[PDB]
Amino acid sequence: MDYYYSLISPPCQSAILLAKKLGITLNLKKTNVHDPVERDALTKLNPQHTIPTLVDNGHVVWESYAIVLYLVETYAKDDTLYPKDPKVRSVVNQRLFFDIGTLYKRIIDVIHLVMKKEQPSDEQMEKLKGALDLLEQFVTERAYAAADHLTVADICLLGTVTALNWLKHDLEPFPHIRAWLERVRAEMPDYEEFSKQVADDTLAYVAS
Amino acid sequence: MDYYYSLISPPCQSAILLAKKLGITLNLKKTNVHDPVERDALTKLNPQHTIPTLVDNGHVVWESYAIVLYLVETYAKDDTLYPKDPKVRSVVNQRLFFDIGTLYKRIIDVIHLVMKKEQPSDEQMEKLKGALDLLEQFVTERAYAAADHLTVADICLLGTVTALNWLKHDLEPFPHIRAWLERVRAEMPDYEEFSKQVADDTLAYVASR
Ligand SMILES: N[C@@H](CCC(=O)N[C@@H](CS(=O)(=O)O)C(=O)NCC(=O)O)C(=O)O
Ligand SMILES: N[C@@H](CCC(=O)N[C@@H](CS(=O)(=O)O)C(=O)NCC(=O)O)C(=O)O
């Protein structure tokens, strides 16, 4: 399967971590969404021309969350990562839509600005800090994001939280989130290597 | 099951419509998420205190999308609204994330500004357009949002698009969306009545002002 991405792209990280977890092998293809030549070809596959974008057996999937769920259904030998019990799955789903519509949303906004080098209103931080508060609670009731064990909600939420690195966000006030991060990364195969590049690549994007 | 909501809220209309399509009884609970007393109450069940918020036999669920997918899986006698084939389900899922994070995000952003008597930048109106052109394409490659038949994608996107009504946003340039609109509503049980129920409530709400 083909996978158009950029390691510096938080959403692009989800499937990468998932693939290693499931032992799935992807055919990485570094994509520059600002290259008029690369956008076209990408657009021919995904009209919204955004990364990540998966192409498997000719079937196209975009939106990290849709990529991740497709992979689990299609390649996971079990349902542990995306439980079938509707009472558990609804928690995973809620967290996934929480990730894209609340948590990462507010994080991405401050980052975007921070790059533009402009002060985020003394109220955008509120929604930010408020987003984290919610997550702090989620990982207080249980040891994982949406269940008593690791799910694809943990993988997505991990990318969004570790993205708080761009901005300098002290995690001290969020012990559970800290405990949760360590526990989830402790289950991600090849994580350390992954963490280095991602960590180093960002500072290289900051170099500018 | 209890359903904290308000027909004025576009996200809340998804579970209402879906409910009608599948014969599910919803114990409606009009909620003013702005009222502190109601706000605190909701919180106890949903720490985020946002509507829609469902409560099936003690099992709490929020995010119109999570509620939707939950009801279908739990009560749908069929899987047509949410196909099991990963090849199909990926499109539905993608279109759903397109809704919450692309189309509705750019719509509600504009509405929130107009509410604060502010104006959208040219960029914002451009992404608005951009999201629509995409939806326009989606409903051209197929008669429906994510497949050759109605799915939960159509229901959620239908809520999102009719929300454009608050901005008197012209859909004239979007032919397939207009067509697609008629198709979906013609398939929602007693739509005109729902739409009129929305109208009544919105008037009864603005009356609270
Ligand atoms: N919700 C999408 C967000 C992806 C996204 O915003 N991708 C950006 C790049 S990045 O910010 O994640 O690095 C993109 O493709 N931008 C190009 C474009 O929008 O045309 C997902 O989760 O897949
Ligand atoms: N993503 C959520 C969005 C729901 C939402 O934002 N609800 C608002 C009200 S409305 O804009 O839809 O009318 C709310 O409850 N807000 C209360 C709060 O944010 O505390 C969903 O789809 O359920």
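Indexing begins at 1, ligand by ligand and atom by atom, following the structure's order. Every chain is numbered from 1 and lettered A, B, ... according to where its sequence line falls, protein lines coming before strand lines. Worth knowing before you read on, the calculation uses all heavy atoms, side chains too, and leaves out hydrogens, waters and symmetry mates.
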Problem - Check: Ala153(B) main-chain N/O paired with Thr151(B) side-chain donor or acceptor under 3.5 Å - result: yes
Problem - Minimum heavy-atom distance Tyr3(A)-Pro11(A), with the two atoms named - result: OH-O, 4.3 Å
Exercise for the section: Applying side-chain hydrogen bond (donor to acceptor under 3.5 Å, both in side chains), run through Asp133(A) and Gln137(A) and close with a yes or a no. Expected result: CA-CA 6 Å; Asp133(A) 290 338; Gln137(A) 298 170 50; over 6 Å; no
Exercise for the section: Report, in ascending order of atom number, the atoms of ligand 2 lying under 4.0 Å from any heavy atom of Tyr65(B). Expected result: 22 (O)
Practice task
Would you mind telling me if ligand 2 is within reach of the side chain of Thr50(B), the backbone, both or neither, using heavy atoms under 4.0 Å?
Solution key: both
Exercise for the section: Without swapping roles, check the side chain of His149(A) against the backbone of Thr80(A) for a donor-acceptor pair under 3.5 Å. Expected result: yes
Problem - Identity and distance of the protein heavy atom lying nearest atom 10 (S) of ligand 2 - result: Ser9(B) OG, 3.5 Å
Exercise for the section: Check whether any N or O atom of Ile51(A), backbone or side chain, sits under 3.5 Å from an N or O atom of ligand 1, and answer yes or no. Expected result: yes
Handout entry: Heavy atom of the protein closest to atom 16 (N) of ligand 2 (residue, atom name, distance)
Key = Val33(B) CG2, 3.9 Å
Practice task
Answer yes or no: is there an ion pair linking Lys196(B) with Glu192(B), defined by an N-O contact shorter than 4.0 Å?
Solution key: yes
Handout entry: Structural part of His49(B) in contact with ligand 2, heavy atom criterion under 4.0 angstrom
Key = both
Practice task
Give me the ring orientation class for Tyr65(B) and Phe97(A): parallel if the planes are under 30° apart, tilted from 30 to 60°, perpendicular past 60°.
Solution key: parallel
Exercise for the section: Mark yes when over 12 heavy atoms from residues, nucleotides or ligands other than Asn27(B) sit less than 6.0 Å from its CG; otherwise mark no. Expected result: yes
Handout entry: Shortest protein heavy-atom distance from atom 22 (O) of ligand 2, along with the residue and atom involved
Key = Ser64(B) OG, 2.7 Å
Completion exercise
The answer for which part of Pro11(B) has a heavy atom under 4.0 Å from ligand 2 is side chain
Exercise for the section: Answer yes or no for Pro52(B): is there a heavy-atom contact with ligand 2 below 4.0 Å? Expected result: yes
Could you tabulate the donor-acceptor pairs under 3.5 Å formed by side-chain atoms of residues 13-24 of chain B, not counting sequence neighbours?
residue	atom	partner	partner atom	Å
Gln13(B)	NE2	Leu7(B)	O	2.8

Handout entry: Sub-4.0 Å protein heavy atom next to atom 6 (O) of ligand 1
Key = no
Completion exercise
shortest atom 1 (N) of ligand 2-to-protein heavy-atom contact is with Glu63(B) OE1, 2.8 Å
